[PDB]
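**Q** Mind having a look at this structure? Questions to follow.
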Amino acid sequence: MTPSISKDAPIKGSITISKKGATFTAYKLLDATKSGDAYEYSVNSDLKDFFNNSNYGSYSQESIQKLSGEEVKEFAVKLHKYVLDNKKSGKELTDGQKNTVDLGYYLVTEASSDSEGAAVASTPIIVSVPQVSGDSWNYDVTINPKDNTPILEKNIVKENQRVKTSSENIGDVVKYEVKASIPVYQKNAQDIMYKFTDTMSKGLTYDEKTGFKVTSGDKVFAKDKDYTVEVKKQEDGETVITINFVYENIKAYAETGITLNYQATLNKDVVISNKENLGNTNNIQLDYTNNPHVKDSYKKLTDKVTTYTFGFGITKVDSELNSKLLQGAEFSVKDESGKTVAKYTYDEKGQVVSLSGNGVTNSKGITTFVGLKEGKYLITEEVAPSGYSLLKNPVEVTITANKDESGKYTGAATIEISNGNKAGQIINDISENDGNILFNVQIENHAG
């Protein structure tokens, strides 16, 4: 595999790191030593007690050779902590210049910016000196690191994926995850703010029993030490939640960022529609100190996700007089599985309430089953209205959720009869007074 080592191979190499005005530290992880016609690696003396240590991640010589992007970050946080704890130090590297170093394997992390404003740390780098290049060893490695911009992103976590949009039933949990950049500053820096404001719309009930789980990779921060959670239910029905941090407590974990895990539940105030609409929204905002040397110097970040749900009416009707609207018919709704999970309806006042058993058709022919996500749904007649027979087969509708060109839900939906039952028929929608919109499955009943 590896190229031969020349006789005129130097015992020294170099790292050059081009930047505008930030200094990097390089930590010798492993020595590379010439032996015959190959470089043998072994752990450096300074980190003998860092390696294979349970308080610093049980990193072996071999395990650092196959770190994922996230694990290189986690490794850097744990190396930093060791170096601090043991009052050691890496080599400071001059910006733009050649830096002479022994042959080895190196962590390179940002030590500073010369900027006063909030910086994002460049992601940590593991580099071999020398490294293979063509069929030769390069002893003089150059690294231009990625110039990182601030991250704030919110996602719904569903089925072990992360998506900007979703659909659920009323009563179901929407789970959330927020990743964020932790800003870095110069060493003297004071009165640093790092503050989240999460805003949930009226349709979502924050699960404060479950609460927040706040994490930077491996680390689990403690409530009322590292952060506080204040919750304010607004007049308009929105919940505003504040997650405010002691910056000093998260500073040592800057390279692994902040992760928030929290969840809400879909409630009866939910926006229900079948046109493109805003849905049931979670907004996240991060405010943080920009220039700590000037007061009221902040930068803002925002993300949002949204969650949709749908509904339909039944309109029960006579076979040959479609204008004759039948009271007293009783309906149930099952999914693909066979759960009667459909258990929310509108009442006579026009407000969403839990449905006790069957949907009973009112004097205008109507019962409703609202707050359903997309899927196959089986409308079965459980009781025939007086003077009518039981419908034999269930009417099946498939509600299909519209996507935009990135495959986000838009909030639009279509409905169709899907099991070919000629008694079922899709008619014009039901417009509720709260401005929610339901599908309308017209269903014909014969009088014997």
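In the structure tokens, chains take the letters A, B, ... in the order shown, each chain's residues start at 1, and ligands count up from 1 in the order shown.
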I need the residues of range 335-367 of chain A that end up classed as strand (DSSP E or B) by DSSP on the backbone, written out as a PyMOL selection string.
**A** chain A and resi 335+344-346+352-354+359-360+366-367
**Q** Can you spit out the residues from that selection as a PDB file, in the first residue's frame, using N, CA and C atoms?
**A**
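again-v5.pdb, freshly written:
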```
ATOM      1  N   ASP A 335     -58.551   2.738  10.298  1.00  0.00           N
ATOM      2  CA  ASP A 335     -57.382   2.877   9.410  1.00  0.00           C
ATOM      3  C   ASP A 335     -57.023   1.537   8.728  1.00  0.00           C
ATOM      4  N   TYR A 344     -62.375  12.251  17.184  1.00  0.00           N
ATOM      5  CA  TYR A 344     -62.696  13.680  17.369  1.00  0.00           C
ATOM      6  C   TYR A 344     -63.666  14.173  16.290  1.00  0.00           C
ATOM      7  N   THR A 345     -64.630  14.993  16.701  1.00  0.00           N
ATOM      8  CA  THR A 345     -65.702  15.472  15.821  1.00  0.00           C
ATOM      9  C   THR A 345     -66.047  16.910  16.178  1.00  0.00           C
ATOM     10  N   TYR A 346     -66.801  17.568  15.303  1.00  0.00           N
ATOM     11  CA  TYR A 346     -67.383  18.875  15.605  1.00  0.00           C
ATOM     12  C   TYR A 346     -68.731  18.703  16.302  1.00  0.00           C
ATOM     13  N   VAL A 352     -64.384  21.533  18.431  1.00  0.00           N
ATOM     14  CA  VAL A 352     -63.887  20.170  18.300  1.00  0.00           C
ATOM     15  C   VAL A 352     -63.932  19.516  19.674  1.00  0.00           C
ATOM     16  N   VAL A 353     -64.633  18.390  19.752  1.00  0.00           N
ATOM     17  CA  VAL A 353     -64.754  17.616  20.987  1.00  0.00           C
ATOM     18  C   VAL A 353     -64.414  16.160  20.712  1.00  0.00           C
ATOM     19  N   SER A 354     -64.105  15.432  21.778  1.00  0.00           N
ATOM     20  CA  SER A 354     -63.840  13.998  21.688  1.00  0.00           C
ATOM     21  C   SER A 354     -65.147  13.284  21.353  1.00  0.00           C
ATOM     22  N   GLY A 359     -70.016   8.147  15.100  1.00  0.00           N
ATOM     23  CA  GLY A 359     -70.454   9.402  14.536  1.00  0.00           C
ATOM     24  C   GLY A 359     -71.917   9.299  14.193  1.00  0.00           C
ATOM     25  N   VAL A 360     -72.743  10.134  14.823  1.00  0.00           N
ATOM     26  CA  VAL A 360     -74.193  10.124  14.613  1.00  0.00           C
ATOM     27  C   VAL A 360     -74.559  11.294  13.716  1.00  0.00           C
ATOM     28  N   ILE A 366     -75.213  15.069   8.568  1.00  0.00           N
ATOM     29  CA  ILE A 366     -73.771  15.218   8.768  1.00  0.00           C
ATOM     30  C   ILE A 366     -73.311  14.623  10.102  1.00  0.00           C
ATOM     31  N   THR A 367     -72.292  13.771  10.037  1.00  0.00           N
ATOM     32  CA  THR A 367     -71.333  13.577  11.128  1.00  0.00           C
ATOM     33  C   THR A 367     -69.919  13.854  10.593  1.00  0.00           C
TER      34      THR A 367
END
```
**Q** I'd like the contact shell of residue 273 in chain A - 7 Å cut-off, only C-alpha atoms, skipping same-chain residues fewer than 3 positions apart - returned as an MDAnalysis selection string.
**A** chainID A and resid 310 411 436:438
**Q** Which residue, A:82, A:39, A:439, A:27, has the smallest gap to residue 414 in chain A when you use only C-alpha atoms?
**A**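 The closest residue to residue 414 in chain A is A:439.
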**Q** Got a sec: who's within 12 Å of residue 340 in chain A, counting only C-alpha atoms, leaving out chain neighbours fewer than 2 positions off, as a short mmCIF file (atom, residue, chain, number, x, y, z; two decimals) with N, CA, C and O atoms, in the first residue's frame?
**A**
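What follows is the written file result.cif:
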```
data_model
loop_
_atom_site.label_atom_id
_atom_site.label_comp_id
_atom_site.auth_asym_id
_atom_site.auth_seq_id
_atom_site.Cartn_x
_atom_site.Cartn_y
_atom_site.Cartn_z
N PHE A 331 -71.90 6.00 12.23
CA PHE A 331 -70.72 5.61 11.46
C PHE A 331 -69.51 5.41 12.36
O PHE A 331 -69.40 6.04 13.41
N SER A 332 -68.61 4.53 11.93
CA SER A 332 -67.27 4.39 12.51
C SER A 332 -66.21 4.46 11.42
O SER A 332 -66.48 4.19 10.25
N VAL A 333 -64.99 4.79 11.84
CA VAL A 333 -63.86 4.95 10.94
C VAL A 333 -62.68 4.15 11.47
O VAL A 333 -62.28 4.33 12.63
N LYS A 334 -62.14 3.27 10.63
CA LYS A 334 -60.90 2.56 10.91
C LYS A 334 -59.81 2.94 9.90
O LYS A 334 -60.10 3.39 8.79
N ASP A 335 -58.55 2.74 10.30
CA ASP A 335 -57.38 2.88 9.41
C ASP A 335 -57.02 1.54 8.73
O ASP A 335 -57.73 0.54 8.90
N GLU A 336 -55.93 1.52 7.95
CA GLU A 336 -55.34 0.29 7.40
C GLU A 336 -55.23 -0.84 8.42
O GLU A 336 -55.62 -1.98 8.15
N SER A 337 -54.67 -0.52 9.59
CA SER A 337 -54.46 -1.47 10.69
C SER A 337 -55.76 -2.12 11.18
O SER A 337 -55.84 -3.34 11.32
N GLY A 338 -56.77 -1.29 11.42
CA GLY A 338 -58.01 -1.70 12.11
C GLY A 338 -58.14 -1.15 13.52
O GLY A 338 -58.66 -1.84 14.40
N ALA A 342 -59.83 7.19 15.04
CA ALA A 342 -60.67 8.35 14.72
C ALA A 342 -61.69 8.66 15.82
O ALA A 342 -62.77 8.05 15.86
N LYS A 343 -61.35 9.59 16.72
CA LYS A 343 -62.21 9.90 17.87
C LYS A 343 -62.25 11.40 18.21
O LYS A 343 -62.20 11.78 19.39
N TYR A 344 -62.37 12.25 17.18
CA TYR A 344 -62.70 13.68 17.37
C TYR A 344 -63.67 14.17 16.29
O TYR A 344 -63.54 13.82 15.12
N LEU A 355 -65.05 12.24 20.53
CA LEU A 355 -66.21 11.50 20.05
C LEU A 355 -66.30 10.22 20.86
O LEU A 355 -65.33 9.46 20.92
N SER A 356 -67.46 9.97 21.45
CA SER A 356 -67.60 8.94 22.49
C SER A 356 -67.54 7.53 21.90
O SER A 356 -66.70 6.72 22.33
N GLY A 357 -68.41 7.25 20.92
CA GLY A 357 -68.37 6.00 20.15
C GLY A 357 -68.49 6.24 18.65
O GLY A 357 -67.49 6.48 17.98
N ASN A 358 -69.73 6.19 18.14
CA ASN A 358 -70.02 6.33 16.71
C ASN A 358 -70.35 7.77 16.33
O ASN A 358 -70.90 8.53 17.13
N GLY A 359 -70.02 8.15 15.10
CA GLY A 359 -70.45 9.40 14.54
C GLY A 359 -71.92 9.30 14.19
O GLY A 359 -72.29 8.47 13.37
N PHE A 369 -65.52 13.29 11.30
CA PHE A 369 -64.36 12.70 11.97
C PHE A 369 -63.15 13.54 11.58
O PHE A 369 -62.63 13.40 10.47
N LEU A 372 -57.35 13.81 11.37
CA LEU A 372 -56.75 12.59 10.85
C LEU A 372 -55.62 12.93 9.88
O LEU A 372 -55.76 13.84 9.07
N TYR A 377 -58.77 5.09 4.86
CA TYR A 377 -59.72 5.07 5.97
C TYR A 377 -61.02 4.39 5.53
O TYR A 377 -61.52 4.67 4.44
N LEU A 378 -61.55 3.52 6.39
CA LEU A 378 -62.74 2.71 6.09
C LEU A 378 -63.92 3.28 6.87
O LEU A 378 -63.96 3.20 8.09
N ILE A 379 -64.87 3.87 6.15
CA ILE A 379 -66.12 4.34 6.72
C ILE A 379 -67.10 3.18 6.63
O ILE A 379 -67.51 2.78 5.53
N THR A 380 -67.49 2.66 7.80
CA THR A 380 -68.49 1.60 7.91
C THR A 380 -69.76 2.19 8.53
O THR A 380 -69.68 2.99 9.47
#
```
**Q** Just checking: using only C-alpha atoms, which residue out of A:118, A:204, A:246, A:220 ends up closest to residue 187 in chain A?
**A** A:118
**Q** Name the closest residue to residue 24 in chain A among the candidates A:7, A:47, A:69, A:89; distances are taken between atoms, counting only C-alpha atoms.
**A**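 Going through A:7, A:47, A:69, A:89 one by one, the smallest distance to residue 24 in chain A is for A:89.
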**Q** Could you list, as a ChimeraX atom specification, every residue within 12 Å of residue 175 in chain A, counting only C-alpha atoms and ignoring same-chain residues fewer than 2 positions away?
**A** /A:154-168,172-173,177-178,204-207,210-213,260-266,282,305-307
**Q** Take the residues from that selection and put them in a file with N, CA and C atoms, as an mmCIF file, in the first residue's frame.
**A**
```cif
data_model
loop_
_atom_site.group_PDB
_atom_site.id
_atom_site.type_symbol
_atom_site.label_atom_id
_atom_site.label_comp_id
_atom_site.auth_asym_id
_atom_site.auth_seq_id
_atom_site.Cartn_x
_atom_site.Cartn_y
_atom_site.Cartn_z
ATOM 1 N N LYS A 154 -34.302 23.452 13.105
ATOM 2 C CA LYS A 154 -35.323 22.675 13.811
ATOM 3 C C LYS A 154 -35.884 21.595 12.889
ATOM 4 N N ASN A 155 -36.052 20.388 13.428
ATOM 5 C CA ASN A 155 -36.682 19.290 12.711
ATOM 6 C C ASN A 155 -37.703 18.595 13.586
ATOM 7 N N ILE A 156 -38.765 18.125 12.941
ATOM 8 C CA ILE A 156 -39.581 17.025 13.429
ATOM 9 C C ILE A 156 -38.802 15.721 13.232
ATOM 10 N N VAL A 157 -38.627 14.954 14.307
ATOM 11 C CA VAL A 157 -38.105 13.584 14.224
ATOM 12 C C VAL A 157 -39.263 12.608 14.059
ATOM 13 N N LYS A 158 -39.304 11.914 12.925
ATOM 14 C CA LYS A 158 -40.340 10.907 12.657
ATOM 15 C C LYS A 158 -39.702 9.671 12.029
ATOM 16 N N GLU A 159 -39.988 8.495 12.598
ATOM 17 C CA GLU A 159 -39.507 7.203 12.074
ATOM 18 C C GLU A 159 -37.987 7.199 11.864
ATOM 19 N N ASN A 160 -37.277 7.663 12.895
ATOM 20 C CA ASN A 160 -35.826 7.855 12.858
ATOM 21 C C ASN A 160 -35.320 8.617 11.618
ATOM 22 N N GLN A 161 -36.072 9.627 11.200
ATOM 23 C CA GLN A 161 -35.607 10.607 10.222
ATOM 24 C C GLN A 161 -35.897 12.005 10.731
ATOM 25 N N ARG A 162 -35.366 13.003 10.037
ATOM 26 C CA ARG A 162 -35.558 14.400 10.417
ATOM 27 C C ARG A 162 -36.125 15.163 9.232
ATOM 28 N N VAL A 163 -37.320 15.720 9.414
ATOM 29 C CA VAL A 163 -38.102 16.314 8.323
ATOM 30 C C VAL A 163 -38.662 17.670 8.746
ATOM 31 N N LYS A 164 -38.750 18.595 7.795
ATOM 32 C CA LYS A 164 -39.259 19.943 8.067
ATOM 33 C C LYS A 164 -40.772 20.000 8.249
ATOM 34 N N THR A 165 -41.486 18.960 7.812
ATOM 35 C CA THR A 165 -42.949 18.912 7.899
ATOM 36 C C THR A 165 -43.463 17.511 8.177
ATOM 37 N N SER A 166 -44.685 17.425 8.684
ATOM 38 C CA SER A 166 -45.278 16.138 9.048
ATOM 39 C C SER A 166 -46.797 16.208 9.085
ATOM 40 N N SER A 167 -47.417 15.055 9.329
ATOM 41 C CA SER A 167 -48.848 14.972 9.601
ATOM 42 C C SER A 167 -49.107 13.976 10.708
ATOM 43 N N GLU A 168 -50.047 14.307 11.587
ATOM 44 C CA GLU A 168 -50.384 13.462 12.733
ATOM 45 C C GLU A 168 -51.876 13.526 12.970
ATOM 46 N N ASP A 172 -51.782 12.688 19.039
ATOM 47 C CA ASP A 172 -50.450 12.116 18.807
ATOM 48 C C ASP A 172 -49.342 13.110 19.142
ATOM 49 N N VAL A 173 -48.181 12.571 19.493
ATOM 50 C CA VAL A 173 -47.006 13.363 19.829
ATOM 51 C C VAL A 173 -46.261 13.721 18.541
ATOM 52 N N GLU A 177 -36.432 18.200 17.277
ATOM 53 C CA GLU A 177 -34.997 18.288 17.557
ATOM 54 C C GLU A 177 -34.443 19.581 16.963
ATOM 55 N N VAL A 178 -33.670 20.319 17.758
ATOM 56 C CA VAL A 178 -32.981 21.510 17.287
ATOM 57 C C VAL A 178 -31.483 21.284 17.405
ATOM 58 N N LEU A 204 -50.813 23.069 19.222
ATOM 59 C CA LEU A 204 -49.831 22.177 19.844
ATOM 60 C C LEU A 204 -49.746 22.453 21.335
ATOM 61 N N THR A 205 -49.770 21.390 22.139
ATOM 62 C CA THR A 205 -49.597 21.483 23.591
ATOM 63 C C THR A 205 -48.214 20.980 23.970
ATOM 64 N N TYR A 206 -47.339 21.898 24.379
ATOM 65 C CA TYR A 206 -45.991 21.548 24.843
ATOM 66 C C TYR A 206 -46.066 20.504 25.955
ATOM 67 N N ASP A 207 -45.265 19.452 25.823
ATOM 68 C CA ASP A 207 -45.181 18.385 26.814
ATOM 69 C C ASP A 207 -44.112 18.737 27.853
ATOM 70 N N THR A 210 -42.658 15.706 29.893
ATOM 71 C CA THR A 210 -41.446 15.212 29.221
ATOM 72 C C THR A 210 -40.297 16.237 29.247
ATOM 73 N N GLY A 211 -40.612 17.499 28.969
ATOM 74 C CA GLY A 211 -39.642 18.586 29.112
ATOM 75 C C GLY A 211 -38.524 18.555 28.083
ATOM 76 N N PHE A 212 -37.489 19.364 28.308
ATOM 77 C CA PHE A 212 -36.344 19.440 27.385
ATOM 78 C C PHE A 212 -35.266 18.450 27.785
ATOM 79 N N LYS A 213 -34.644 17.818 26.795
ATOM 80 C CA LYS A 213 -33.350 17.159 26.985
ATOM 81 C C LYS A 213 -32.265 17.901 26.183
ATOM 82 N N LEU A 260 -31.284 20.210 21.235
ATOM 83 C CA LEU A 260 -32.486 20.184 22.077
ATOM 84 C C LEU A 260 -33.439 19.098 21.597
ATOM 85 N N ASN A 261 -33.878 18.234 22.511
ATOM 86 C CA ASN A 261 -34.968 17.295 22.240
ATOM 87 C C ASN A 261 -36.180 17.592 23.123
ATOM 88 N N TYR A 262 -37.304 17.858 22.470
ATOM 89 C CA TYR A 262 -38.566 18.176 23.127
ATOM 90 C C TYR A 262 -39.726 17.845 22.181
ATOM 91 N N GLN A 263 -40.936 17.803 22.726
ATOM 92 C CA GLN A 263 -42.108 17.337 21.979
ATOM 93 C C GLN A 263 -43.378 18.038 22.446
ATOM 94 N N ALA A 264 -44.350 18.116 21.548
ATOM 95 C CA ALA A 264 -45.671 18.620 21.860
ATOM 96 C C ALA A 264 -46.699 17.589 21.436
ATOM 97 N N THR A 265 -47.954 17.842 21.778
ATOM 98 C CA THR A 265 -49.062 16.977 21.383
ATOM 99 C C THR A 265 -50.071 17.780 20.576
ATOM 100 N N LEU A 266 -50.600 17.160 19.524
ATOM 101 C CA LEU A 266 -51.647 17.784 18.720
ATOM 102 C C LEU A 266 -52.935 17.802 19.549
ATOM 103 N N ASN A 282 -44.170 24.943 14.806
ATOM 104 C CA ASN A 282 -43.173 25.236 15.832
ATOM 105 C C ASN A 282 -42.117 26.209 15.268
ATOM 106 N N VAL A 305 -40.686 24.483 11.689
ATOM 107 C CA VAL A 305 -41.315 23.309 11.090
ATOM 108 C C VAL A 305 -42.825 23.454 11.262
ATOM 109 N N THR A 306 -43.593 22.658 10.525
ATOM 110 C CA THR A 306 -45.034 22.660 10.690
ATOM 111 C C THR A 306 -45.633 21.255 10.573
ATOM 112 N N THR A 307 -46.787 21.053 11.204
ATOM 113 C CA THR A 307 -47.454 19.760 11.212
ATOM 114 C C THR A 307 -48.917 19.885 10.812
#
```
**Q** Show which residues sit within 8 Å of residue 252 in chain A, as a ChimeraX atom specification. Count only C-alpha atoms, and ignore same-chain residues fewer than 2 positions away.
**A** /A:77,80-81,248-250,254
**Q** Determine, counting only C-alpha atoms, which protein, DNA and RNA residues have an atom within 12 Å of an atom of residue 274 in chain A; residues of the same chain fewer than 5 positions away are not included. Present the result as number ranges by chain.
**A** A: 279, 308-312, 370-374, 399-402, 409-415, 428-431, 435-440
**Q** May I have the selected residues written with C-alpha atoms, as a compact mmCIF listing (two decimals), in the first residue's frame?
**A**
```
# COMPACT_ATOMS: atom_id res chain seq x y z
CA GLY A 279 -50.54 24.24 9.54
CA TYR A 308 -50.66 19.09 9.32
CA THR A 309 -53.87 17.19 9.95
CA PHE A 310 -57.03 16.67 7.93
CA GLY A 311 -60.71 15.87 8.41
CA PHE A 312 -63.86 14.74 6.63
CA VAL A 370 -61.67 15.39 12.16
CA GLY A 371 -57.96 15.46 13.02
CA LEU A 372 -56.75 12.59 10.85
CA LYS A 373 -53.45 12.29 8.95
CA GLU A 374 -53.30 10.90 5.42
CA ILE A 399 -56.74 11.02 1.75
CA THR A 400 -53.49 11.96 -0.04
CA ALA A 401 -51.25 14.77 1.20
CA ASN A 402 -49.89 17.32 -1.28
CA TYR A 409 -46.18 18.79 3.04
CA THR A 410 -47.98 21.98 1.93
CA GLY A 411 -51.18 21.38 3.90
CA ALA A 412 -53.26 20.68 0.80
CA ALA A 413 -54.89 17.24 0.44
CA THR A 414 -57.15 15.30 -1.94
CA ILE A 415 -59.73 12.61 -1.13
CA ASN A 428 -67.92 19.84 -2.00
CA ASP A 429 -66.17 20.51 1.30
CA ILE A 430 -67.58 21.48 4.68
CA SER A 431 -66.47 24.98 5.77
CA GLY A 435 -62.13 28.49 9.20
CA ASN A 436 -61.13 24.83 9.21
CA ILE A 437 -62.15 22.88 6.08
CA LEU A 438 -63.19 19.19 5.90
CA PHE A 439 -63.66 16.79 3.00
CA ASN A 440 -67.20 15.54 2.45
```
**Q** Taking into account only C-alpha atoms, which residue in the set A:433, A:115, A:45, A:234 is nearest to residue 88 in chain A?
**A**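 Under the stated criterion, the closest residue is A:45.
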**Q** CA of residue 301 in chain A and CA of residue 208 in chain A, how far apart in Å?
**A**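 Computing it gives 24.0 Å between the two atoms.
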**Q** Apply DSSP to the structure's backbone, then extract all residues of range 65-199 of chain A labelled helix (DSSP H, G or I) and return them as a PDB file with C-alpha atoms, in the first residue's frame.
**A**
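As written to disk, states-v4.pdb reads:
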```
ATOM      1  CA  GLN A  65      -8.261   6.185  12.697  1.00  0.00           C
ATOM      2  CA  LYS A  66     -11.989   5.774  11.893  1.00  0.00           C
ATOM      3  CA  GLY A  69     -17.463  13.782  11.469  1.00  0.00           C
ATOM      4  CA  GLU A  70     -19.476  13.857  14.704  1.00  0.00           C
ATOM      5  CA  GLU A  71     -16.910  11.679  16.538  1.00  0.00           C
ATOM      6  CA  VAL A  72     -13.952  13.885  15.516  1.00  0.00           C
ATOM      7  CA  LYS A  73     -15.911  16.767  17.107  1.00  0.00           C
ATOM      8  CA  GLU A  74     -16.620  14.735  20.248  1.00  0.00           C
ATOM      9  CA  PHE A  75     -12.943  13.679  20.346  1.00  0.00           C
ATOM     10  CA  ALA A  76     -11.817  17.337  20.228  1.00  0.00           C
ATOM     11  CA  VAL A  77     -14.044  18.338  23.154  1.00  0.00           C
ATOM     12  CA  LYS A  78     -12.630  15.485  25.268  1.00  0.00           C
ATOM     13  CA  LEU A  79      -9.015  16.166  24.277  1.00  0.00           C
ATOM     14  CA  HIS A  80      -9.438  19.866  25.172  1.00  0.00           C
ATOM     15  CA  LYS A  81     -10.821  18.902  28.582  1.00  0.00           C
ATOM     16  CA  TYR A  82      -7.849  16.593  29.249  1.00  0.00           C
ATOM     17  CA  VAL A  83      -5.315  19.229  28.176  1.00  0.00           C
ATOM     18  CA  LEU A  84      -7.005  21.807  30.469  1.00  0.00           C
ATOM     19  CA  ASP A  85      -7.381  19.341  33.357  1.00  0.00           C
TER      20      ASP A  85
END
```
**Q** Give me the residues near residue 361 in chain A as a PDB file with N, CA, C and O atoms, in the first residue's frame, where near means some atom within 8 Å (using only C-alpha atoms) and where sequence neighbours in that chain fewer than 3 positions away do not count.
**A**
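Here's the written file part.pdb:
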```
ATOM      1  N   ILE A 314     -69.116  12.977   6.791  1.00  0.00           N
ATOM      2  CA  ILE A 314     -70.056  12.136   6.044  1.00  0.00           C
ATOM      3  C   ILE A 314     -71.310  12.970   5.807  1.00  0.00           C
ATOM      4  O   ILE A 314     -71.740  13.665   6.713  1.00  0.00           O
ATOM      5  N   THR A 315     -71.895  12.895   4.613  1.00  0.00           N
ATOM      6  CA  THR A 315     -73.266  13.380   4.369  1.00  0.00           C
ATOM      7  C   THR A 315     -74.158  12.193   4.000  1.00  0.00           C
ATOM      8  O   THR A 315     -74.095  11.686   2.882  1.00  0.00           O
ATOM      9  N   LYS A 316     -74.975  11.757   4.954  1.00  0.00           N
ATOM     10  CA  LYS A 316     -75.862  10.616   4.773  1.00  0.00           C
ATOM     11  C   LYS A 316     -77.122  11.083   4.081  1.00  0.00           C
ATOM     12  O   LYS A 316     -77.699  12.094   4.454  1.00  0.00           O
ATOM     13  N   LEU A 326     -80.524  12.505   5.957  1.00  0.00           N
ATOM     14  CA  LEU A 326     -81.000  11.486   6.885  1.00  0.00           C
ATOM     15  C   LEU A 326     -80.325  11.662   8.240  1.00  0.00           C
ATOM     16  O   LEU A 326     -79.101  11.610   8.344  1.00  0.00           O
ATOM     17  N   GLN A 327     -81.140  11.874   9.269  1.00  0.00           N
ATOM     18  CA  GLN A 327     -80.668  11.927  10.639  1.00  0.00           C
ATOM     19  C   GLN A 327     -80.580  10.527  11.221  1.00  0.00           C
ATOM     20  O   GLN A 327     -81.304   9.623  10.800  1.00  0.00           O
ATOM     21  N   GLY A 328     -79.681  10.355  12.189  1.00  0.00           N
ATOM     22  CA  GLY A 328     -79.682   9.183  13.061  1.00  0.00           C
ATOM     23  C   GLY A 328     -78.790   8.039  12.619  1.00  0.00           C
ATOM     24  O   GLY A 328     -78.617   7.078  13.367  1.00  0.00           O
ATOM     25  N   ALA A 329     -78.227   8.127  11.414  1.00  0.00           N
ATOM     26  CA  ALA A 329     -77.287   7.116  10.928  1.00  0.00           C
ATOM     27  C   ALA A 329     -76.002   7.164  11.759  1.00  0.00           C
ATOM     28  O   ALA A 329     -75.544   8.249  12.109  1.00  0.00           O
ATOM     29  N   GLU A 330     -75.433   6.001  12.080  1.00  0.00           N
ATOM     30  CA  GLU A 330     -74.228   5.932  12.907  1.00  0.00           C
ATOM     31  C   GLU A 330     -73.050   5.328  12.158  1.00  0.00           C
ATOM     32  O   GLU A 330     -73.177   4.265  11.547  1.00  0.00           O
ATOM     33  N   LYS A 364     -79.045  17.554   9.308  1.00  0.00           N
ATOM     34  CA  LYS A 364     -78.588  17.914   7.967  1.00  0.00           C
ATOM     35  C   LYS A 364     -77.787  16.796   7.277  1.00  0.00           C
ATOM     36  O   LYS A 364     -77.191  17.021   6.219  1.00  0.00           O
ATOM     37  N   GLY A 365     -77.805  15.592   7.855  1.00  0.00           N
ATOM     38  CA  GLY A 365     -77.156  14.422   7.254  1.00  0.00           C
ATOM     39  C   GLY A 365     -75.736  14.169   7.733  1.00  0.00           C
ATOM     40  O   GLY A 365     -75.141  13.149   7.385  1.00  0.00           O
ATOM     41  N   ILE A 366     -75.213  15.069   8.568  1.00  0.00           N
ATOM     42  CA  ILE A 366     -73.771  15.218   8.768  1.00  0.00           C
ATOM     43  C   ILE A 366     -73.311  14.623  10.102  1.00  0.00           C
ATOM     44  O   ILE A 366     -73.873  14.929  11.154  1.00  0.00           O
ATOM     45  N   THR A 367     -72.292  13.771  10.037  1.00  0.00           N
ATOM     46  CA  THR A 367     -71.333  13.577  11.128  1.00  0.00           C
ATOM     47  C   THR A 367     -69.919  13.854  10.593  1.00  0.00           C
ATOM     48  O   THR A 367     -69.692  13.786   9.383  1.00  0.00           O
TER      49      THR A 367
END
```
**Q** For CA of residue 238 in chain A and CA of residue 270 in chain A, determine how far apart the two atoms are, in Å to one decimal place.
**A**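 If I compute the distance from CA of residue 238 in chain A to CA of residue 270 in chain A, I get 11.4 Å.
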**Q** Of the candidates A:116, A:20, A:381, A:139, which one gets nearest to residue 94 in chain A if we count only C-alpha atoms?
**A**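 Among the listed residues, the smallest separation from residue 94 in chain A belongs to A:20.
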**Q** Give the answer as one residue: which of A:100, A:267, A:290, A:368 has the shortest atom-to-atom distance to residue 170 in chain A, using only C-alpha atoms?
**A**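 Checking each candidate against residue 170 in chain A, we get A:267 as the closest.
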